[PDB]
Amino acid sequence: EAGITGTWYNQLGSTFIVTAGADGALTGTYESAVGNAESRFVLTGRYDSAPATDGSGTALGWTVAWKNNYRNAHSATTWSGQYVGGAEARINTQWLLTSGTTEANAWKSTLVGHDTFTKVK
Amino acid sequence: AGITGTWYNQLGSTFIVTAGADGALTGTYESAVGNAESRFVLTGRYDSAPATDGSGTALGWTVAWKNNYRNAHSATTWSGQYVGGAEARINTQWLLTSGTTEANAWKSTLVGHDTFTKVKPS
Amino acid sequence: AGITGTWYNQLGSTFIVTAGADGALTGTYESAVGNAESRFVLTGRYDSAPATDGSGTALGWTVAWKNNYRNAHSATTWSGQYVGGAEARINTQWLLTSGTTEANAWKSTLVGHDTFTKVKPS
Amino acid sequence: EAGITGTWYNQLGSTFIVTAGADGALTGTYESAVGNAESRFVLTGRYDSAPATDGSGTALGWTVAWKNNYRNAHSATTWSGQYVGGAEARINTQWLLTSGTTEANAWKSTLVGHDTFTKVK
Ligand SMILES: O=C(O)CCCC[C@H]1[C@H]2NC(=O)N[C@H]2C[S@@]1=O
Ligand SMILES: O=C(O)CCCC[C@H]1[C@H]2NC(=O)N[C@H]2C[S@@]1=O
Ligand SMILES: O=C(O)CCCC[C@H]1[C@H]2NC(=O)N[C@H]2C[S@@]1=O
Ligand SMILES: O=C(O)CCCC[C@H]1[C@H]2NC(=O)N[C@H]2C[S@@]1=O
């Protein structure tokens with residue numbers, strides 16, 4: 001899917017390189033400008049490969065576990081959102097960042113936020 | 001013992017997953033509710049070297065709700081942690097985004113929480 | 001029977017509330033966890049004329065975590081529904097925002113879920 | 001609290017009129033540009049009345065139950081966020097909109113989003 005496939009940046013300055021496969025797969029790498037992260041992390045996700053054509057966005061999501069060969073934050077983020085195509089393509093998301101915690105600290109395990117991605121073009 | 005296996009949440013949904021050695025999650029999801037029938041592909045990631053202090057194992061995965069039977073034009077992500085032991089559990093929060101027009105984007109995303117165990121419902 | 005009363009969540013926190021006839025919630029909250037001691041003021045709102053089809057009663061409330069003992073420079077909102085019957089329940093999701101610099105705003109907000117009943121813990 | 005007290009608008013065109021009391025109270029009215037809503041609804045909430053002075057925002061939250069003398073959507077929204085003062089004051093929030101549902105439909109009871117409010121000045 002040519003629309004989604006490419007390089008994207010968000011408002012924090014983070015980098016999202018993704019390829020959208022014909023089967024609904026998302027694969028790529030993520031580099032965060034913030035947090036307990038350095039270098040590229042694997043991402044995987046899914047997207048609606050046959051979206052509505054009535055002006056609606058294309059639903060998608062992906063996950064990064066924050067372990068690579070250089071860093072392990074013991075955490076994972078999922079982004080859930082929609083791709084909005086056109087000449088000024090955007091991916092608008094909300095996300096959940098869960099850190100591994102003890103059971104007593106589980107109440108404070110999950111951060112929530114929102115990222116807007118702009119396609120480099 | 002481990003993430004790999006067949007899990008069920010409080011709604012009776014079935015989450016079948018394999019955890020690869022280096023952090024991949026791959027499997028299928030069947031929801032007991034919503035605009036869904038049969039199994040859907042899921043992929044995700046988990047921390048393949050968790051802390052050794054009693055902490056849970058962070059993980060997440062995604063389902064896009066399109067298969068041979070239906071297309072809900074939506075996707076859910078689950079973010080959470082696996083907690084091992086005698087009754088292993090995955091505790092999650094989730095975000096279900098539907099494709100919308102820009103005008104309706106404000107009402108595009110449902111949020112909830114699912115807890116999974118390996119105990120089959122009756 | 002009703003929203004008015006003393007409630008306890010799964011953490012052992014104590015939520016004491018009065019539901020006014022026209023939709024006000026007023027009371028106190030004591031958290032079993034976090035940067036908190038003793039009771040904090042809370043205020044909120046509820047649907048004072050719910051649907052008559054078996055649906056729950058929508059409600060929400062806020063605590064700012066400042067009292068005579070501490071100030072965590074944070075606030076939590078709970079959004080959910082009251083479900084009456086033999087074991088009345090309030091099921092919520094919550095957002096805990098801490099005051100941060102603009103640079104740290106990305107990590108300002110925790111999310112979770114609390115379920116309340118009138119059963120005192122032991 | 002002069003900072004928070006005033007009229008605010010968000011990116012949807014909704015209107016938030018609030019008064020911040022010395023005791024940490026927020027009181028006012030909300031008018032939504034969208035959804036099952038018409039006219040003004042009561043809001044109540046709380047804010048940190050003695051915030052940090054190290055450059056941090058002021059934590060706050062409020063609730064609207066979507067019943068007034070003209071409309072009842074059988075729902076309630078809470079906004080949780082922070083006030084960022086200065087000449088271009090903002091209230092940056094995330095929100096949870098819970099609708100009353102049957103028990104079988106409770107899984108789909110709650111919407112999540114984010115609103116940014118600008119002070120009318
Ligand atoms: O601190 C960690 O646990 C790992 C890094 C998390 C970075 C977060 C931050 N970076 C970003 O591009 N968007 C937000 C949501 S991602 O969880
Ligand atoms: O209706 C749809 O858009 C597709 C099905 C969504 C089912 C949801 C529901 N099922 C489940 O096991 N947990 C929750 C979160 S999943 O988004
Ligand atoms: O640490 C703080 O900032 C203040 C205390 C927060 C306690 C939280 C925790 N306690 C509870 O009963 N439910 C959850 C959500 S409330 O934000
Ligand atoms: O549809 C309803 O149930 C009542 C109206 C909800 C309006 C929502 C929408 N309007 C707004 O200014 N911000 C968002 C979050 S508020 O729940």
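One-based numbering, in listed order, for ligands and for the atoms of each. Chain identifiers are assigned alphabetically (A, B, ...) following the order of the sequence lines, protein sequences preceding nucleic acid strands; residue numbering begins at 1 within each chain.
Proximity of D:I17 to D:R40: side-chain heavy atoms (C-beta onward) are separated by under 4.5 Å at one or more points. Residues B:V41 and B:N67 form no side-chain contact, since every pair of their non-hydrogen atoms from C-beta on lies 4.5 Å or further apart. Under the 4.5 Å side-chain criterion, counting only non-hydrogen atoms from C-beta, D:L111 is in contact with D:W95. The shortest distance between side-chain heavy atoms of D:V18 and D:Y47 does not fall below 4.5 Å. Here the side chains of A:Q94 and A:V112 are not in contact, with every heavy-atom distance at 4.5 Å or above.
Close N/O approach between D:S99 and ligand 4 is not found [any backbone or side-chain N/O within under 3.5 Å]. Any N or O atom pair closer than 3.5 Å counts here, and A:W79 shares no such pair with ligand 1.
Contact annotation: for D:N36 versus ligand 4, heavy atoms closer than 4.0 Å belong to both the backbone and the side chain. Contacts between D:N10 and ligand 4 below 4.0 angstrom, taking non-hydrogen atoms only, involve the side chain exclusively.
Residue A:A73 has at least one heavy-atom neighbour below 4.0 Å for each of these atoms of ligand 1: 3 (O). For ligand 1, the atoms closer than 4.0 angstrom to any heavy atom of A:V34 are 5 (C), 7 (C), 9 (C), 10 (N). Each of the atoms 11 (C), 12 (O), 13 (N), 14 (C) of ligand 2 lies under 4.0 Å from some heavy atom of B:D114. Residue-ligand proximity, B:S13 to ligand 2, at heavy-atom distances under 4.0 Å covers atoms 11 (C), 12 (O). Using a 4.0 Å cut-off to heavy atoms of A:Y30, the atoms of ligand 1 that qualify are 11 (C), 12 (O), 13 (N).
When all heavy atoms are compared, the tightest approach of B:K118 to B:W7 is CE-CZ2, 3.4 Å.
Look at A:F16 and you'll find every heavy atom at least 4.0 Å from all atoms of ligand 1.
Considering only non-hydrogen protein atoms, atom 15 (C) of ligand 4 sits nearest to D:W95 CE2, 3.3 Å. Atom 8 (C) of ligand 1 has as its closest protein heavy atom C:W106 CZ3, 3.7 Å. Given atom 17 (O) of ligand 4, the protein heavy atom at minimum distance is D:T77 OG1, 2.3 Å. For atom 3 (O) of ligand 1, the closest heavy atom belonging to the protein is A:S75 OG, 2.8 Å.
Interatomic distance, A:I4 CD1 to A:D48 CG, rounded to the nearest 0.5 Å: 8.5 Å. Atoms CG and CH2, on A:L96 and B:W78 in that order, are 12.0 Å from each other to the nearest 0.5 Å. Put simply, OG1 on A:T110 and CD on B:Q81 are 7.0 Å apart, with the number rounded to the nearest 0.5 Å. Note: B:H113 NE2 to C:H113 NE2 = 5.0 Å, rounded to the nearest 0.5 Å.
Atom 7 (C) of ligand 2 has its nearest heavy-atom neighbour, among B:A32, B:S31, B:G34, in B:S31.
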